[PDB]
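Shown next, in structure tokens, is the structure this report addresses.
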Ligand SMILES: *C\C=C(C)/C=C/C=C(C)/C=C/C1=C(C)CCCC1(C)C
Ligand code: NA
């Protein structure tokens, strides 16, 4: 199926690769639940006109609590321990570890994380509906092609790469539209909130770039590399989780901070 299974069918997992990964995937959904409550309880702090931003952060949290919990469980129950070999192996009776919970969680989240900036910041010469439609089309295709190429990670790898770049194309378009949005958004706000908008843009830049980094993480050292192992698996799943907290939780926090800062009139 995927590289995670491959490693759990051929070489198996050491007990520390398996516990680490399970522990990191549990942290991912725990944060989402703490985030959900933070966004709900803080909506009283921001003027009515920016509250749609909190509402959207809260629904992204419900989406990511549930599906990152599904994902966590699909990792634990897909592997059983072999006491004779001392490593964890793909359980033929279990479900087989799957990526479809994460990619679905991206597909749902992506219109919402992009739409929500447009409820805090104002455009100048760009058209709102123009920006919205560009966000929703390319963020869907970025993820849908990302999911397709994900099927060919273990099998045909040039399909894994031709697709991963197709999805890069949509990715870079979003970065372009986000960049115009943040610029027009800086016009006619205080220097304080401009600073936050600049933060939001650096965060939006790093946190989203981690995602294709974790896509290639095992092949990043070549087809016979130090990461071609239960190591680039650990690191792939450590990087997704970092990119999940940053792009969903931290991002929504800086937006709520920006909103509050724009209620200094
Ligand atoms: C959790 C919410 C969001 C919006 C997640 C976004 C993820 C990405 C931007 C991932 C992009 C990919 C790229 C650029 C190429 C390989 C396939 C990925 C889906 C990992
Ligand atoms: Na996720």
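In the authors' numbering, the protein residues as written are 8 to 272. Think of the CB as a built atom: it goes at the ideal place given N, C-alpha and C, for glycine as much as any other residue.
Under the DSSP assignment, residue 261 falls in the alpha helix (DSSP H) whose first and last residues are 258 to 268.
The closest heavy atom of ligand 1 lies 8 Å or more from the beta carbon of residue 80.
When Cβ pairs closer than 8 Å are counted between the two stretches, the stretch 76 to 87 is seen to touch the stretch 19 to 36, the count reaching three or more. Between residue 188 and the set 228, 126, 242 and 214, the nearest pair of CA atoms involves 126.
Secondary structure note for residue 97: its beta strand (DSSP E) is the uninterrupted segment 94 to 97. At least one heavy atom of ligand 1 sits closer than 8 Å to the Cβ of residue 113. In the structure shown, the three-state DSSP call for residue 228 is helix. Of the candidates 219, 173 and 112, the residue whose Cα lies closest to the Cα of residue 74 is 112. Secondary structure at residue 233: coil, using DSSP grouped into helix, strand and coil. The shortest CA-to-CA distance from residue 71 to any of 264, 230 and 117 is the one to 117. Per DSSP, the continuous alpha helix (DSSP H) segment holding residue 122 begins and ends at 107 to 122.
In this structure, DSSP gives residue 27 a helical state, which the three-state scheme calls helix. In the DSSP assignment, residue 17 falls outside any beta strand (DSSP E) and carries neither an H nor an E. In the structure shown, residue 88 falls within a strand segment according to DSSP collapsed to helix, strand and coil.
Rounded to whole angstroms, the separation of the alpha carbons of residue 157 and residue 167 is 6 Å.
In the three-state reduction of the DSSP assignment, residue 76 falls in the helix class.
Scanning 104, 56 and 23 for the CA closest to the CA of residue 124 turns up 56. Shown here, residue 196 sits in coil according to DSSP, grouped into three states, outside any helix or strand. Taking 8 Å as the upper bound for CB-CB distance, residue 68 and residue 43 are in contact here, some 4 Å apart. The C-beta of residue 251 has 16 or more other C-beta atoms within 10 Å across all chains shown, which makes the residue buried. For residue 143, the shortest separation between its Cβ and any heavy atom of ligand 1 does not lie below 8 Å.
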